[PDB]
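J.: Experimental coordinates for this protein are included below, preceded by the sequence.
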2 protein chains.
Amino acid sequence: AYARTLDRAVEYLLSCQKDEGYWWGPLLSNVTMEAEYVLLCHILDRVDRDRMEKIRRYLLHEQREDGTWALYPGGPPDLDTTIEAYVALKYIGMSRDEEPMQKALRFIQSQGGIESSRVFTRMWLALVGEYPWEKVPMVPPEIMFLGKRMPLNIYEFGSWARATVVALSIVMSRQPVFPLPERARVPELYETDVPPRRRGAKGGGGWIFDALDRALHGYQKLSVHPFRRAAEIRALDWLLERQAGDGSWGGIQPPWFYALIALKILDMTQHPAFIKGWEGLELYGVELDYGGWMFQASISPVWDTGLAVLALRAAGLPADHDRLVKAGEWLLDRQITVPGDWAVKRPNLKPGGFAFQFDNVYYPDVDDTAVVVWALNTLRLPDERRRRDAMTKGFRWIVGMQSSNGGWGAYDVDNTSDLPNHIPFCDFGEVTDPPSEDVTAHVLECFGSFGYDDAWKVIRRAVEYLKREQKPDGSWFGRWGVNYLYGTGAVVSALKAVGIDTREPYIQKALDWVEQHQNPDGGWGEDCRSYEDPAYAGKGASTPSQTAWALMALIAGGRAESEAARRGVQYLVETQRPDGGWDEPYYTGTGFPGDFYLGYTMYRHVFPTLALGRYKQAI
Amino acid sequence: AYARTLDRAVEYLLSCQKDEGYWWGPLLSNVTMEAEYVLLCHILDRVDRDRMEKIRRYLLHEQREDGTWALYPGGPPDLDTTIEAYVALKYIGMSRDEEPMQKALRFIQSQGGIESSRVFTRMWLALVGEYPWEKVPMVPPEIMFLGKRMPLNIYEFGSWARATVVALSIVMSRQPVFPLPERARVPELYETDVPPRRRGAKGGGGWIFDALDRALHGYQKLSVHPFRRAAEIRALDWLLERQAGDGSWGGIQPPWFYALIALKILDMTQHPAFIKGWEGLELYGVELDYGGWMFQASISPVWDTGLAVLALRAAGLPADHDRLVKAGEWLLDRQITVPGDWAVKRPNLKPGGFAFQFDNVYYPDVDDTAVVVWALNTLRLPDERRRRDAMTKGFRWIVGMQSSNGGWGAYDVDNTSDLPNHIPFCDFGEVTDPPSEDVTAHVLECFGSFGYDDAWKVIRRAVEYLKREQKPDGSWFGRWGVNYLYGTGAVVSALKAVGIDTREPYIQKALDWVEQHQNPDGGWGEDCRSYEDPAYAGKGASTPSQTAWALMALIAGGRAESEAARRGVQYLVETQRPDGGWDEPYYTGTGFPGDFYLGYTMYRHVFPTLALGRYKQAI
Ligand SMILES: C=CCN(C)CCCCCCOc1ccc(-c2nsc3cc(Br)ccc23)cc1
Ligand SMILES: C=CCN(C)CCCCCCOc1ccc(-c2nsc3cc(Br)ccc23)cc1
Ligand SMILES: CCCCCCCCOCCOCCOCCOCCO
Ligand SMILES: CCCCCCCCOCCOCCOCCOCCO
């Protein structure tokens, strides 16, 4: 039955593979990337009229009937996203009258306008002079003086926020303004009666930071700030030391863009770092068929390659299939052998992890490292001592990265501080990188492949962690993927691999929860709204990936031969396209719960393949 | 008569011009560049068999009958240069038996072998493990802590030594060893009876530094050096901040090579600065027609372009000659607008100088700046406000750069400390950058073109400087060009331009000195030996450039219609080639008096043209 569905899915993956041997699907997010890119170009005085065009097309193409833009497809109109898109389009050259602008503008106003937007949106507008710099939370370069062990030192922030903070402190120190030509100034963002419904800091704001901010805005007013040049230079140097190979910073949009502006501020456009940083941008860009251009929030070659391999293997292809071997070889050249920012908490730990992007040595993450190492462990490569060696370094690093509670974060160890989550500036997404169920799960299944089990103390501490984190209804939160189906799917698949007994209560209680949210059409789905409203947990239009996930949990928990299980497999078999792939107009990936979602282009092909390979395995 | 000679020279220069509008002749030095490059490649594990070949041919081609290598052509065998060339060749794959090796080896031994070589030579050999690291003068990264105003702080060293010192402190801090394969180890450099005739520090070594060094080598022995990681990172950061546009450091061979090794030491080969640093090298390389490859100690596009323009103008071509305008345009895009290391002594001075290389913004030099600004002053470009403006910035910068004694240095102000010239490490060439007669002269003639004169206090302070620096026999030392003919030529040409009266005593006393050293064949010449033995002052085989220089002094001093003058003009008219150029198998450029000489490939064509244009001018 499904066999053909599977052989067709395989043939498709293999065709999607690149020459070098890796897989790489585009990462989808929202228009703030392109919108900011446009403003970035304006700031750097590097506007390509041709690019603007492809961008206007993209922006419009993404706008909805109501004239708004959301974070995920089929999501509520988002104010911030729409404001930035609005400003972007007006700059590119669109009359504030035209249908699109008008509809959007009304929505912006019906919300309290500019004043109801996140800090970043006001800060970007601040940069082009459409908003007072003094109404923007302040982050001083002096932050660079806080030692390793001090509240709010840059190492208490998550890897992603850290770099952004540093780059920003330089910018907010100079508070520069790059005026927009008159034709694009957007005062009409203030023209509203609705009261500003301002979003506060993540975990609530102590009157302390509130005061401290005001203090900092005052200190900014002075005519002489002692030791500030030093603080700046200490930040510029922090930046220069970490610039990634592709010229980015952390391989993510934010710090990259800010670091570039910061360098512009410091009159270093003639410097290598800037040139390389500016040039690197193109690699993240994407030409869309309908004539548009989009910029990726980040790139996922390694991650894609890793999963693709695991999929194709669990699906059939021999451990030495020349096509997989090509990938295995590629993955080895990716391993990172130098110290990163994690070393600040594990100085005696030898490097051996992998990153998400192509070249980003200072930020390997536990999630990738585990998937890659695990993937390798399922291949038969020529240089068997290199494969055997890589795995060990990777394995040991993961082990050494395990946090206190027994789980694993993504980039750092015990990056569980809470202080940063309260400062004014941080009102968007996560700011710290504490252990998560999904990452911890992947780590467990990775070890599991090697044979390790519940006897080893490391695994136990982890399992205890997952047990304590389980949700009342037996589900598990999905930190880096939408959502409860993603996490529950991971956890169960893992626990089954580390020896745990699937017949246990909590395991069963989870399995049940899965069967219970099966959509009528056979498959499962879970809308991104499940991060905001608990009523959506498990609910949503069925998607190939989310179906595959719930399907893995069922297969892992022994319920392979089940109604729900048979039903799910059917769904994937029917919904499959003639070429072998699958479609998925929804996002199933999570950047920050409730604030930023991603669309992993390969998920729709890889996971269904992996799940089918596991079904065919359980028979 | 000479007219055709001149018209021919013009046609030639115009043909040598590049499309972009600039002139750029290769800079010649000695084989330590290529020899070190080979060792550098070995260290970085990046050996291109094909390149090694082109280098072996080059090394061998440059070797002389006696089997040695000198600093300048027709110069005394140099021990250091030969040792390094010897080690280079043996590495590339040459038997220690072969004719060239044997002859060279014997010379090496008849000198006391390895032990009689400059610090660098022993340090390079130290790097590949053919010499104890503890016998090499030490330079600690801690040197990075000395504040702006403290004996031996990195800003008391000349721009060229500064960068080298910083890069090195990282290297000498780790004292790494990159073993040579056995087939190339060179113990035979010790096999000698002759006593080691060691060269001491430039200005003599106080027993203090001698002890201090011993101290440092001891402190090196310890198991814990507090604040050393910080010292290194302060050095590493200093380098990252200053890397040049082309990927070099200072646009000179030394710091560039060491900075690269330093980065490799810190495991930063995956970093942008390294990559760009490594790739940049090719631009300095040169394919030789006989199948060899040489590496330029530095590049001189700006310098060449500037003089070429001044030559072609003083020779005839209209100020708006489309071909010159192309150059003028190019020269404007070269002006540097950011702060460099000079700003540490002139923080309130606005940037507006030019560099020697293509892209090297942190190190504009006074010499180039003056020639360029002046060259521009003689042109009629389309954007007349840009030209008018640039000159202004440049003019002002030069002025603001003038040192205490009234003269100008090359890169810094009052970089006249003496302490650095005594430490053990510095036993090769200049270590500081004090004012010089030649630079000061060029500056004067620069202003002169603008109409300024002896009335303005600036000019006076300078002239007084020159007056006090004049030599007993009425000659002026040549700091950046071989030698007394170069300086005297500059000085007089200048003084004549700033209004001074040529009929004065010291002026005449100089002019005479010129006529008195005119070789029988009609032209003038001055061997590089004139830096070592005062007997050679003004003496040496006649060259087109050196003739043009003495010829300029004479034309400036009113002695245009003179026997010596007529005679000289004749020489240039005869020695001229059919194509229009001139040959010059000798070096007429100075890197460091007595230690490093350069061959400015364009001098032979440009100066003769300039001198002839000035003769035809005085009639
Ligand atoms: C399935 C999980 C596998 N892991 C291994 C993925 C690694 C992390 C996510 C990949 C990179 O994506 C990001 C893009 C942007 C950000 C960001 N930082 S700060 C920030 C601010 C705003 Br506003 C919007 C976005 C960001 C973070 C991750
Ligand atoms: C004609 C004068 C115009 N001026 C405007 C020229 C600017 C100075 C010379 C151009 C660059 O040439 C150099 C090459 C190498 C060095 C060097 N530094 S440290 C060093 C050590 C050793 Br050993 C050998 C060479 C060096 C310096 C200058
Ligand atoms: C200059 C010191 C070299 C020794 C490096 C060990 C330092 C321990 O790493 C601490 C973690 O900080 C992150 C570093 O990686 C970023 C680039 O810094 C490069 C030079 O060390
Ligand atoms: C980050 C401080 C920016 C203010 C610059 C003025 C500093 C004075 O210059 C001192 C001279 O040091 C050389 C600097 O130029 C090299 C690169 O540093 C870049 C950012 O300043």
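T.: Structure's in. What do you need? Residues are numbered from 1 along each chain as shown, chains lettered A, B, ... in the order given. Ligands and ions are numbered 1, 2, ... in the order given.
J.: The stretch 1-150 of chain A: strands as residue ranges?
T.: Ranges of strands in the stretch 1-150 of chain A, per DSSP state E, counting those that start in this stretch, are A:27-28.
J.: Nearest to ligand 1: which residue in it?
T.: residue A:120 (5.0 Å; CB to the nearest ligand atom). For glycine as for every other residue, the C-beta is placed from the backbone atoms N, C-alpha and C.
J.: Would you confirm that that residue contacts residue A:81?
T.: No: applying CB atoms under 8 Å, one finds residue A:120 not in contact with residue A:81, separated by 11.0 Å.
J.: Hmm, residue A:414 is touching residue A:403, no?
T.: Yes: at 4.9 Å, residue A:414 counts as touching residue A:403 under the criterion of CB under 8 Å.
J.: So for the two, which residue has more residues nearby?
T.: residue A:403 (22 against 14; other CB atoms under 10 Å in any protein chain shown).
J.: Who are the contact partners of the more buried one?
T.: A:409, A:413, A:414, A:416, A:434, A:435 (CB atoms under 8 Å, 6 or more residues apart in numbering or on different chains).
J.: dump the residue contacts of the closest residue to the last one other than its chain neighbours.
T.: In this case it means residue A:435. Excluding the flanking residues, the one nearest residue A:435 by CB to CB, 6 or more residues apart in numbering or on different chains is residue A:407, at 3.3 Å. By CB under 8 Å, 6+ apart, the contact set of residue A:407 is A:435, A:436, A:437, A:439, A:440, A:462, A:465, A:466, A:469.
J.: Identify the residues contacting the first one.
T.: Yep, that's residue A:435 we're talking about. Counting by CB under 8 Å, 6+ apart, residue A:435 has contacts A:403, A:405, A:406, A:407, A:408, A:409, A:416, A:465.
J.: Flag every buried residue along whichever strand or helix holds the last one.
T.: Using DSSP states H and E, the element containing residue A:465 is helix A:457-469. By neighbour count, and taking 16 or more other CB atoms under 10 Å in any protein chain shown as the criterion, the buried residues in helix A:457-469 are A:459, A:462, A:463, A:465, A:466, A:469.
J.: What ranges does chain A have for its strands?
T.: Ranges of strands in chain A, per DSSP state E, are A:27-28, A:285-287, A:293-295, A:589-592, A:596-600.
J.: Who are the packing partners of the helix holding residue A:465?
T.: For helix A:457-469, the packing partners by 3 or more CB pairs under 8 Å, 6 or more residues apart in numbering or on different chains; DSSP states H and E come out as helix A:437-449, helix A:484-497.
J.: Now do that helix against helix A:484-497, angle only.
T.: 140 degrees (axes from the mean of the first three to the mean of the last three CA atoms, to 10 degrees).
J.: Now do helix A:457-469: distance to the chain's middle.
T.: 25 Å (CA atoms, centre = their mean, to the nearest Å).
J.: Now tell me what touches that helix from outside.
T.: A:399, A:402, A:405-408, A:435, A:437, A:440-441, A:443-444, A:447, A:452-454, A:476-477, A:491, A:494-495, A:498, A:500, A:506.
J.: let's see 7 Å
T.: By CB atoms under 7 Å, 6 or more residues apart in numbering or on different chains, the residues outside helix A:457-469 that reach it are A:399, A:402, A:405-407, A:437, A:440, A:444, A:447, A:452-454, A:476, A:491, A:495, A:498, A:500, A:506.
J.: Neighbour count says what about those? Which are buried?
T.: Buried, going by 16+ other CB under 10 Å: A:402, A:405-407, A:437, A:440, A:444, A:447, A:452, A:454, A:476, A:491, A:495, A:498, A:500, out of those.
J.: Tell me the buried residues in the longest helix anywhere in chain A?
T.: Longest helix of chain A, by residue count under DSSP state H: helix A:384-401. The neighbour-count check on helix A:384-401 (16+ other CB under 10 Å) flags A:386, A:387, A:390, A:391, A:393, A:394, A:395, A:396, A:397, A:398, A:400, A:401 as buried.
J.: Can you give me the neighbour number for the nearest residue to residue A:291 once chain neighbours are set aside?
T.: Among residues not flanking residue A:291 along the chain, residue A:57 sits closest, at 5.1 Å (CB to CB, 6+ apart). Residue A:57 has 15 neighbouring residues, counting by other CB under 10 Å.
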